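Q: Can you read through this structure? Questions will come right after.
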Ligand SMILES: *c1c(C)c(C)cc2c1nc1c(=O)[nH]c(=O)nc-1n2C[C@H](O)[C@H](O)[C@H](O)COP(=O)(O)O
Ligand SMILES: Nc1ncnc2c1ncn2[C@@H]1O[C@H](COP(=O)(O)O)[C@@H](O)[C@H]1O
Ligand code: SF4
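Protein chains in written order, with PDB author numbering: chain C, 1 to 20, 22 to 54, 56 to 235; chain D, 1 to 189; chain B, 1 to 608.
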């Protein structure tokens, strides 16, 4: 049995960043970290893994050499393996292109549950998980604030956290892509002796060819909008 | 041509942001022959006719599905089903937890233009320009939709000012694709 | 970026023959240094120099052994040994390019003179309402000339010494003010009675001082324009303004305060009864008659509040004391717009506690290098960074362990800070919830703010709140190279005290009618109509709880086996604390300990 959790390394600016071209911000003002939501994901999954007696948690990430940083932090926070899918041509894939790239990892990996966060801390698309769900053709729900799933159920029961705080219960056919919302659990923290032992683990590197894609599949050329400008308002 | 609006309700009630979107849509029409269609979805979605029968609405499409309240499978299907068959230039949705649940899938399958939590929009020529936030909302981020004949938008609520008054929409009915949701609402809490 | 509304703050100003680079001014204040700790004196002001305050001053400075403040320590400028030791500081304020003032003091019968044994002179014979055993001699007219020459003398030696600023210190009810104020001044000759009699002494003195170093040093005075005592002492709208009026041509700068010496708590406002700007209503009134530069403290740490009082023409400059001890760098932080890096003085007045006890050095509750800059050579904003990869576990993120991490991480280490609480601050968190102490939060507030900031800069480093209390197994298996346990202390449960050092039989606060100040403070446990606080603690706990419960309308008796609130006498809090417990009809039984507790009943005894 296997739950795959889709994680992202986001950016956070410093004060006072400057725009670059006028198409982005300068790269020196940037600081990379594990998107905040994903910490709630990874946990839900470790929750499940520890609720039973045998569940691979595996985190996957799309992006460059930096990301490693985050996936290791996942290792330490509980994951069993961590995979990074990249190629330079992936530059600027937008949230739907990410879905697709994830999806093809998701197939090779063939999990029984796919977890995404509800939105990124940086671009707040709030698209990437559901996109993976269309492309996969799985049952989805967005905005999950409670999971009851035991391993190898055909069936789970979630609760959406609606606007203003009112919940809604859902019964969802599994395997299903779910976007996890904040407050869902209390994500652990890594001991040093923990962080130390996750240094020694491999990050598996996955190439576009490994997943039946190509340059012509990805990057902003394929994307669903196009950047016109970025400006401090 | 046409702009599509998908209104949103929950426990018998129409949500405000539905009038906002109608306001937005009208706001962004490029000439006064262009029509706004509005769509409400629900096994009792007709209860809503009165309140969506207001100013700017040129059509109100009622779609009855399985569920009383929001369901993604049903919605998804329902909308691409509205888009297929009115061919709009833009679709608006609220950026609402209901929408997170299927806005994106719609875009994944078709390649329409898509952007969410939009809080500026704007024609420039015939180019559609929507503005987003970047970096936890530290910049503004302008995007466009090259060669996209349909664009899908989720719109930040409590931005676009509504229209006042009544209205005279052609009402029609149509059934939602009899497809079994792979989920089931039980109770609120 | 510097918000440009604060630019106003970096505009020079003219003070007589002298020029202040900017608006940030450290008024005279003690530190436990004087002329006696020339290391400590120099360093601690010179960092504020380097920190970019404009002018720095020595604490109140004695012009003559017949104003000796022992057991307190003041500064002195009696002889050429003093001019040595104080120059250390001037050179040192100089090399960073602000100014050095020195505050010329004689305090008459308020100076007990326990070292110099000499006899103190005043306008009229009295005995200090503060050192109540210490009486003055009435000066005749020859006494008026010899003491005035004193300042002259002392003003000369101040220039040799390298001061750019000299004061005729007339606040906190010392000599010149004692003349002015009818409370003290019972003279019927030409130095007394008429407003221009009263101020002759000072008026004279000012002139003499000008004449003396006037062309090389700006003469400022500090003056206590209202006594906040009302009729019978100085009132700003009575004698205050007028005096300003009669002096104004002499002064290069006013330096304003309100209060006397016996309860200068009113100048140095506790955050427990005063906010920022407190003084202003009486500060203001001075500009409305002065044509000269005017500054006037008031726990001004916020640059917003700072710009208000200038752009509303209530001061010209910014006078600080405490806040400059908290953060010697507060200006260059404001200049650098680094708003979040600013260490906010909490108004706890511990800093005035030491000096007020007579002898020890100042210490400070935000600024732990205060007092520590010469002798330990800790700089408040520079740290030795580590030359290893070493890591630290810290258990508990209260004052102690949170500074622990702040400093370490600033030192470059790799740190994991963990606590069972949900937020940074250990017991400060209730403390700040006690009535009045809401501005003592600031001390975790600053920590929370910097650790957060420090974590983005160390990548391994980690904050973890809401954790399971650590066990020694978690700890040994944690993998820190080093461990700091910072786990706290709790109120005693069992009537264990400083008198007996053993438990009071029938004390235990798992019983229903028996509380600790945690249980009172958590607010859960239920509290009976009649309350008795059994107090062995000389500091704030007791009174404060008393306040709380009274205001919640219980009936309150403090049983005290120690002098209540003694510490408080020393932070300047005590007057307004007592008045306050009166006002809320709080009953005090002193000199009274307890020998057994029973349900609804305790046995108490007089200790004499
Ligand atoms: C000693 C102590 C530590 C305190 C903090 C204040 C103080 C001290 N000694 C003083 C003395 O030598 N002469 C003098 O004129 N003032 C002295 N002060 C008081 C200080 O100058 C301020 O008037 C008050 O602290 C109020 O202002 P603020 O600190 O809120 O800004
Ligand atoms: N490039 C990516 N690789 C793996 N997960 C991603 C990626 N981009 C977005 N996500 C996921 O999408 C979740 C929701 O983010 P979003 O739709 O971008 O706001 C993030 O937690 C991740 O779960
Ligand atoms: S001891 Fe307290 S009041 Fe004094 S300077 Fe320090 S923080 Fe401020």
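Just so you know, even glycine gets a beta-carbon here, dropped at the ideal spot from N, CA and C.
Given that residue 175(C) touches chain D, what residues does it touch there, using C-beta distances under 8 angstroms?
A: By Cβ distance, chain D contributes 182, 183.
Q: Quick one: residues with CB closer than 7 angstroms to any heavy atom of ligand 2, in chain order, please.
A: Per the Cβ criterion, the list is 6(C), 7(C), 8(C), 36(C), 38(C), 39(C), 42(C), 62(C), 63(C), 64(C), 65(C), 97(C), 100(C), 104(C), 118(C), 119(C), 120(C), 121(C), 122(C), 125(C), 126(C), 127(C), 128(C), 129(C), 130(C), 131(C), 181(C).
Q: Residue 63(B) by DSSP, collapsed to three states: which one?
A: Note: residue 63(B) maps to coil in three-state DSSP.
Q: Using only alpha-carbon positions, find the residue among 34(D), 63(D), 30(D) that is nearest to residue 122(D).
A: Nearest C-alpha to residue 122(D): 30(D).
Q: Quick one: grab the DSSP three-state call for residue 496(B).
A: DSSP places residue 496(B) in coil when its eight states are reduced to three.
Q: Grouping DSSP H, G and I as helix and E and B as strand, with all else coil, what is residue 94(D)?
A: Residue state, collapsed to three classes: strand.
Q: Can you list the residues of chain B that residue 193(C) reaches, using a CB-CB cut of under 7 angstroms?
A: Those within 7 angstroms of residue 193(C) in chain B are 478, 479.
Q: So, at 7 angstroms on beta carbons, what are the nonlocal neighbours of residue 290(B) in its own chain, with the 5 sequence-adjacent residues on each side left out?
A: So the list reads 244, 248, 254, once near-sequence residues are dropped.
Q: Nearest to residue 144(C) by CA position, among 167(D), 96(D), 108(D), is which residue?
A: Answer by Cα proximity: 96(D).
Q: Could you check if residue 358(B) belongs to the surroundings of ligand 4, using beta carbon to heavy atom distance under 7 angstroms?
A: This structure does not include ligand 4; its bound ligands are ligand 1, ligand 2 and ligand 3.
Q: So what's residue 202(B) in DSSP terms, helix, strand or just coil?
A: If DSSP states are grouped into helix, strand and coil, residue 202(B) belongs with the helices.
Q: Only counting the same chain, and skipping five residues up and downstream in sequence, which positions put a Cβ closer than 8 angstroms to that of residue 295(B)?
A: 25, 27, 253, 254, 255, 256, 315, 316, 317, 318, 319, listed in sequence order.
Q: Taking the C-alpha atoms as reference points, what is the distance between residue 453(B) and residue 410(B)?
A: For residue 453(B) and residue 410(B), the distance between alpha carbons rounds to 10 angstroms.
Q: Compute the Euclidean distance between the alpha carbons of residue 145(D) and residue 108(D), then round it to the nearest angstrom.
A: If you take the alpha carbons of residue 145(D) and residue 108(D), they lie about 15 angstroms apart.
Q: Per DSSP, residue 13(C) is paired with what?
A: Answer by DSSP bridge pairing, in chain order: 31(C).
Q: Can you give, in chain order, each stretch of the alpha helix (DSSP H) that sits fully within the region 113–154 of chain C and has at least 4 residues?
A: Listed in chain order, they are 130–138.
Q: Mind listing the chain D neighbours of residue 234(C)? Cutoff is C-beta to C-beta under 9 angstroms, in chain order.
A: Result: 138, 139, 140.
Q: Provide the residue(s) that pair with residue 219(B) in DSSP beta bridges, ordered along the chain.
A: Paired residue(s): 166(B).
Q: For residue 33(B) and residue 74(B), what's the separation of their Cα atoms in angstroms?
A: Cα to Cα, residue 33(B) sits roughly 7 angstroms from residue 74(B).
Q: Check whether chain C comes within 8 angstroms of residue 6(B), counting only Cβ atoms and requiring the distance to be less than that.
A: For residue 6(B), the answer is no, since every Cβ of chain C falls outside 8 angstroms of its Cβ.
Q: For a contact meaning CB atoms closer than 8 angstroms, what does residue 464(B) contact in chain C?
A: Within chain C, the residues near residue 464(B) are 191.
Q: When DSSP labels each residue in this structure, what does residue 159(B) get in the three-state scheme?
A: Of the three classes helix, strand and coil, the one that applies to residue 159(B) here is helix, per DSSP.
Q: Measuring straight from C-alpha to C-alpha, what distance separates residue 40(C) and residue 177(D)?
A: Taking the straight line joining both Cα atoms gives about 38 angstroms.
Q: Using a beta-carbon distance below 8 angstroms, is residue 423(B) in contact with chain C?
A: Judged by the 8 angstroms Cβ criterion, residue 423(B) is not in contact with chain C.
Q: Should residue 55(C) be labelled buried (16 or more other beta-carbon atoms within 10 Å of its own) or exposed?
A: Residues lacking coordinates in chain C include everything strictly between 54 and 56, among them residue 55(C).
Q: Consult DSSP for residue 117(D) and reduce its assignment to one of helix, strand or coil.
A: Strand, per DSSP.
Q: For residue 391(B), go through chain C and note every residue whose CB falls closer than 7 angstroms to its CB, in chain order.
A: Ordered by position in chain C, the residues that pass the 7 angstroms Cβ test against residue 391(B) are 194.
Q: Taking only beta carbons into account, state which residues of the region 113–127 of chain D come closer than 8 angstroms to chain C, listed in chain order.
A: The region 113–127 of chain D vs chain C, Cβ under 8 angstroms: 113, 114, 115, 116, 117.
Q: Based on the DSSP secondary-structure assignment, which residues constitute the bridge partners of residue 4(D)?
A: For residue 4(D), which the question treats as bridged, DSSP gives the partners 37(D), 91(D).
Q: Determine the chain B residues that contact residue 198(C) at a beta-carbon separation under 8 angstroms, and present them in chain order.
A: Per Cβ cutoff of 8 angstroms: 479.
Q: Along chain D, which residues have their Cβ under 9 angstroms away from the Cβ of residue 181(C)?
A: Going along chain D in sequence order, the residues near residue 181(C) (Cβ under 9 angstroms) are 100, 101.
Q: Go ahead and label residue 38(C) buried or exposed: buried means 16 or more other beta carbons lie within 10 angstroms of its beta carbon, across all protein chains shown.
A: Counting Cβ neighbours within 10 Å, residue 38(C) comes out buried, since at least 16 surround it.
Q: Identify the continuous beta strand (DSSP E) that holds residue 191(D) and give its terminal residues.
A: This structure gives no information on residue 191(D), because the portion of chain D shown stretches from 1 to 189.
Q: Please tell me whether residue 14(D) and residue 48(D) are closer than 8 angstroms, where the distance is taken between their beta carbons.
A: Yes, they are a contact pair.
Q: Is there a C-beta anywhere in chain C that falls below 8 angstroms from the one on residue 548(B)?
A: Not an interface residue.
Q: Grouping DSSP H, G and I as helix and E and B as strand, with all else coil, what is residue 594(B)?
A: The answer is strand: DSSP assigns residue 594(B) an E or B state.
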